[PDB]
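Participant:
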Amino acid sequence: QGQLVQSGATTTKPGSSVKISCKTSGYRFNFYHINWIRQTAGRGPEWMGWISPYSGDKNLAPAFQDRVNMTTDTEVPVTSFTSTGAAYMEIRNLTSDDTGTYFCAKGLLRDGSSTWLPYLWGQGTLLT
Amino acid sequence: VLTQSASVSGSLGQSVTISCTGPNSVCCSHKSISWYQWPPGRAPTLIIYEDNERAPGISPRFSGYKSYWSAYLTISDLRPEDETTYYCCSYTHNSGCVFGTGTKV
Amino acid sequence: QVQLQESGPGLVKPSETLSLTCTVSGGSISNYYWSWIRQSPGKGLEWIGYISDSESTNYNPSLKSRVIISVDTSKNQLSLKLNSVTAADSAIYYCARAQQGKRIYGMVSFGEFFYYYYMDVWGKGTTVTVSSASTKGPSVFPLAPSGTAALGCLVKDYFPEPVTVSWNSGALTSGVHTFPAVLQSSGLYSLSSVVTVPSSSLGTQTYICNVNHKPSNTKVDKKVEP
Amino acid sequence: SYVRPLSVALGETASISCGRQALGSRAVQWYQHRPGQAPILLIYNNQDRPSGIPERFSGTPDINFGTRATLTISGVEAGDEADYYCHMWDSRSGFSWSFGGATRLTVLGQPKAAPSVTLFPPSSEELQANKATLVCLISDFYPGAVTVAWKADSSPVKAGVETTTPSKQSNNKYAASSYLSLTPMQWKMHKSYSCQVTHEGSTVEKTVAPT
Ligand SMILES: *[C@@H]1O[C@H](CO)[C@@H](O[C@@H]2O[C@H](CO)[C@@H](O[C@@H]3O[C@H](CO[C@H]4O[C@H](CO)[C@@H](O)[C@H](O[C@H]5O[C@H](CO)[C@@H](O)[C@H](O)[C@@H]5O)[C@@H]4O)[C@@H](O)[C@H](O[C@H]4O[C@H](CO)[C@@H](O)[C@H](O)[C@@H]4O)[C@@H]3O)[C@H](O)[C@H]2NC(C)=O)[C@H](O)[C@H]1NC(C)=O
Ligand SMILES: *[C@@H]1O[C@H](CO)[C@@H](O)[C@H](O)[C@H]1NC(C)=O
Ligand SMILES: *[C@@H]1O[C@H](CO)[C@@H](O)[C@H](O)[C@H]1NC(C)=O
């Protein structure tokens, strides 16, 4: 299983800095990365970055190098293999050209070559 | 930079072959290719990763193949729900997943 | 006195203007006839066209609609431009000097004669491949040895043909033997060069294998030693 | 175009008749071409031959009408094996764009030559790249036709072999290459690998082992 509910689809105007939430269930939040993906209309879908809910290690594209803050808070043990988590997303020098739908997707495997691969996605959020 | 097929079509029962290629920067023999089925403005779906490994539950008619210069995605035995837009992706184990241009099928 | 040397891309994408050039060494260019000839695998020699000493042109109607031959008299270079290339356009394109002959059978006053052209000095050929695939430089691996002995140089996974191989940058030439390539199922060629040298030369005559693959501008060197 | 064969014994005189017969006064060119090499204009006018070509290459002149154009190669040698083209020009027909057919000349009665097999083990740098290739190099054999056979220890191995069709060398003999690709573990876990080269009636084996 696994669910990733995202925040609301409210809108702002250029110059601001919005926070996007992603709440997880049905799986151990620490065991898989959390990816942030952007599907703009005036560009192809872009991978923004992933972060480790276990090790805190983050990795984002150089196009978002000094403009994005990725944070996650510690999980909550529900069962032996189930926990609830949350991931956060921020933008710095923000304009209106960053308009589109934003998704959060967790990693694929816990090890191997496709560890962090965005596998299970959220329902997305509309922006400005 | 990762170019996909412009567009293509088929019919119920036949097959499709999407392309994905690029320069030495993002392709291919030292990179892995993942194929995402992505309806426009909806929750995407991982179809195939590591060039040809299908995700859990993906129909066997989906098949990936990677040459030394271009990765492929075959979609045999078409069905109504195949009318989506597909995007390829190039990645290594510790980096990002550079997406592709797109392919309307 | 007169020699010709071709030069081309080696790899051209389908539906794209192929372009080759040819240099004359020793003689001039604006005082002779020059012809372009290609030879595809299986098919025979095909005359593409020719150009006069007055730079007048005449193309073969087989590919008249898409061939343009030129000439540059500043030096001794004459070019060839072939667009809309297909898979059947890959061949060894030769460059040769044509000599006009006037066969007279009746009365020259009534025009009872005809001109014929023949190529008397040719080039060496330029291998050209039309493929959607991309170029890739080879991977050179040494083959160390163990009356005489033989060492090698393994040139694997390159595209497209050909690849030149010299030993000791051109010094070593006796007993050299470069073998024709192999088209693996992956679609890439694989070569192999081997020289036979005296066994006592193992210590320590340096054996440098040189490999050049121009379609990727990837020259490499490698030494062999037990 | 199509290829018409011709066999002439070693030392005999070859008679290569042209592909198309002339309708009027003719001016026929003869070209020698071995594939993978530039053609060699043997005779340009009906019988005029350029310099650097021996007197044994002769063509028929156009004296009276009716004479067929034939290239005569007296004293044939193994080097005379090539394609011979007859570029035909005449007063009647138009502009000769096509070089014509192709007379494939093979010289019979050449000395049989046994191959010189040379097998190399996978190099260290290749094994460091997690790949391993056995190469079997065959050369100096005539007639140009061999069969390769790869065996892991004593059991045969046919999955992963790539062999070259024979190719004539500068000394009029043939050469062929065989490449057995295998994972570096299949190279260590086996005792020895062999390349059997069968030529004419005999078979020659060269073996290699990781030591
Ligand atoms: C407990 O559970 C957690 C969560 O599942 C486990 O953490 C996961 O471990 C696996 C395996 O160890 C990890 O998979 C690997 O992922 C790396 C990608 O990370 C690399 O890239 C980072 C960003 O580019 C980089 O910063 C890293 O480099 C150092 O920096 C960080 C800083 O914190 C440091 O922590 C690192 O340890 C590094 O020192 C990092 O290198 C990827 O490279 C791996 O692939 C290699 O290895 C596999 C085989 O393992 C091989 O198949 C590949 O081809 C390649 O050779 C591998 O995929 C995963 O990222 C971890 N995190 C998750 C899943 O969120 C933890 O191990 C568990 N511990 C126990 C005791 O159970
Ligand atoms: C991200 O936000 C947190 C919130 O307190 C802050 O502490 C942290 O420094 C921020 N990250 C960066 C890189 O500024
Ligand atoms: C990993 O195992 C869990 C166990 O339930 C499963 O839910 C999850 O889908 C597995 N991951 C993948 C990528 O299949």
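Chains as they are written, first to last, in the deposited numbering: chain D, 1 to 52, 52A, 53 to 72, 72A to 72H, 73 to 82, 82A to 82C, 83 to 100, 100A to 100F, 101 to 110; chain E, 3 to 9, 11 to 27, 27A to 27C, 28 to 95, 95A, 96 to 104; chain H, 1 to 82, 82A to 82C, 83 to 100, 100A to 100R, 101 to 125, 132 to 211; chain L, 6 to 67, 67A to 67C, 68 to 95, 95A to 95C, 96 to 210. Using N, Cα and C, we set each Cβ at its ideal position, and we do this for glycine too.
Between the Cα of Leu28/L and those of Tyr100B/H, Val140/H, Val205/H, spot the shortest distance and give me the residue it belongs to.
Facilitator: Residue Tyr100B/H is the option with its Cα nearest to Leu28/L.
Participant: Quick one: is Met90/L buried, meaning 16 or more other Cβ sit within 10 Å of its Cβ, or exposed?
Facilitator: Burial call: buried.
Participant: Using DSSP's beta-bridge definition, name the partner residues of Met80/D.
Facilitator: In DSSP, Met80/D forms a bridge with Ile20/D, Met69/D.
Participant: Which class does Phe31/D belong to by DSSP, given the choice of helix, strand or coil?
Facilitator: In the structure shown, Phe31/D sits in a helix (DSSP, three-state: H, G or I).
Participant: For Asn30/D, which residues in the same chain have their Cβ closer than 6 angstroms to its Cβ, ignoring the five residues on either side in sequence?
Facilitator: Only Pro52A, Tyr53, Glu72B meet the Cβ criterion.
Participant: Is it the case that the stretch 135-142 of chain H contacts the stretch 169-181 of chain H, given that we only count it when at least three CB pairs across the two stretches are under 8 angstroms?
Facilitator: Touching, yes.
Participant: Considering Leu126/L, what are the terminal residues of the beta strand (DSSP E) in which it resides?
Facilitator: Here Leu126/L belongs to no beta strand (DSSP E); instead the alpha helix (DSSP H) covers 123-127.
Participant: Out of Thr92/E, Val19/E, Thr85/E, which one is the CA nearest neighbour of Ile75/E?
Facilitator: The option with the nearest alpha carbon to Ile75/E is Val19/E.
Participant: Write down the C-beta distance between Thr105/H and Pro183/H rounded to the nearest angstrom, noting that I regard them as a contact closer than 8 angstroms.
Facilitator: Their Cβ separation, rounded to whole angstroms, is 37 angstroms, which puts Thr105/H and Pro183/H out of contact at 8 angstroms.
Participant: Which bits of chain H does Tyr68/E rub up against, with CB to CB less than 9 angstroms?
Facilitator: Those are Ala112, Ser113, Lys115, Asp142, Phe144, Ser171, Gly172, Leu173, listed as they occur along chain H.
Participant: Is the Cβ-Cβ distance between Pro55/L and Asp100Q/H less than 8 angstroms?
Facilitator: Yes, the Cβ-Cβ distance between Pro55/L and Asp100Q/H is below 8 angstroms.
Participant: Cβ-heavy atom distance between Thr70/D and ligand 2 below 7 angstroms?
Facilitator: Result yes, Cβ under 7 angstroms from ligand 2.
Participant: To the nearest angstrom, how far is the alpha carbon of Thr108/H from that of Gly76/D?
Facilitator: Approximately 56 angstroms between the Cα atoms of the pair.
Participant: Verify the contact flag: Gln1/D, CB atom, against every heavy atom of ligand 5, threshold strictly below 7 angstroms.
Facilitator: Although ligand 5 was asked about, the structure shown includes only ligand 1, ligand 2 and ligand 3 as ligands.
Participant: Could you say which of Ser22/E, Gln17/E, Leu15/E lies nearest to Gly101/E if we only look at CA atoms?
Facilitator: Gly101/E has its Cα closest to that of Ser22/E, out of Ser22/E, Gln17/E, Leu15/E.
Participant: Can you confirm whether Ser52/H, when its beta carbon is compared against all beta carbons of chain L, has any partner nearer than 8 angstroms?
Facilitator: Not an interface residue.
Participant: Report back the beta-carbon spacing between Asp82/L and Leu104/L to the nearest angstrom; my notes put them in contact at under 8 angstroms.
Facilitator: Rounded, the Cβ-Cβ distance is 6 angstroms, consistent with contact.
Participant: Where do the ends of the alpha helix (DSSP H) carrying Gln37/L lie?
Facilitator: Not the alpha helix (DSSP H): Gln37/L falls in the beta strand (DSSP E), residues 34-38.
Participant: Output needed for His33/D: all residues of its chain with C-beta closer than 8 angstroms, excluding positions within five of it in sequence on either side, in chain order.
Facilitator: Here the set comprises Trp50, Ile51, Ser52, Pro52A, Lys94, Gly95, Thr100C, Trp100D.
Participant: For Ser154/L and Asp206/H, what's the separation of their Cα atoms in angstroms?
Facilitator: In a straight line, the C-alpha of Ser154/L is about 37 angstroms away from that of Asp206/H.
Participant: Is it buried or exposed, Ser74/H, if we count other Cβ atoms within 10 angstroms and call 16 or more buried?
Facilitator: It counts as exposed.
Participant: Along chain E, which residues have their Cβ under 9 angstroms away from the Cβ of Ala60/D?
Facilitator: Within chain E, the residues near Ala60/D are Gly95A, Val97.
Participant: Is the distance from the Cβ of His38/L to the Cβ of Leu45/H below 8 angstroms?
Facilitator: Yes, the Cβ-Cβ distance between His38/L and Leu45/H is below 8 angstroms.
Participant: When you compare only the Cα positions, how much space is there between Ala166/H and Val78/L?
Facilitator: Between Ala166/H and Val78/L, the C-alpha separation is close to 30 angstroms.
Participant: Given a cut-off of 8 angstroms on the beta-carbon distance, is the pair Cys135/L and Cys194/L in contact?
Facilitator: Yes, the pair counts as a contact, with Cβ atoms nearer than the cut-off.
Participant: Cutting at 8 angstroms between CB atoms, please list the residues of its own chain near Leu11/L, excluding the five before and the five after it.
Facilitator: Result list for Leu11/L: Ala19, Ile21, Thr102, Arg103, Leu104, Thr105, in chain order.
Participant: Strictly under 8 angstroms for the Cβ-Cβ distance: is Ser32/E near chain D by that measure?
Facilitator: Yes, contact with chain D.
Participant: Check the C-beta distance from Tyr100L/H over to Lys99/H and give it rounded, since I have them as a contact under 8 angstroms.
Facilitator: About 6 angstroms; that satisfies the 8 angstroms criterion.
Participant: Of all the residues that make up the stretch 163-190 of chain L, which are near chain H by a beta-carbon distance shorter than 7 angstroms?
Facilitator: Listed by position, the residues of the stretch 163-190 of chain L near chain H (Cβ gap below 7 angstroms) are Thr163, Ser166, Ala174, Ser176, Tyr178.
Participant: As a quick exercise: from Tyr192/H, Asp72/H, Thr17/H, pick the residue whose alpha carbon is nearest that of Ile29/H.
Facilitator: If we check each option's Cα against that of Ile29/H, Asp72/H comes out closest.
Participant: Could you check whether the stretch 2-21 of chain H touches the stretch 192-210 of chain H, counting it as contact only if at least three pairs of C-beta atoms, one from each stretch, sit closer than 8 angstroms?
Facilitator: Segments in contact, yes.
Participant: In angstroms, rounded to a whole number, what distance separates the CA positions of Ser63/E and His189/L?
Facilitator: Roughly 34 angstroms between the two C-alpha positions.
Participant: Taking contact to mean at least 3 C-beta pairs separated by less than 8 angstroms, is the stretch 33-46 of chain D in contact with the stretch 8-19 of chain D?
Facilitator: Segments in contact, no.
Participant: Are the stretch 151-166 of chain L and the stretch 122-129 of chain L touching, with three or more C-beta to C-beta distances below 8 angstroms?
Facilitator: Too few Cβ pairs lie closer than 8 angstroms, so no.
Participant: Report yes or no: is there a C-beta of chain D within less than 8 angstroms of the C-beta of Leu73/E?
Facilitator: It does not: the Cβ of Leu73/E has no partner Cβ on chain D nearer than 8 angstroms.
Participant: Near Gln169/H, what residues of its chain come up, given a Cβ to Cβ distance below 7 angstroms and the 5 sequence neighbours on each side ignored?
Facilitator: Closer than 7 angstroms at Cβ, skipping near neighbours: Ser175.
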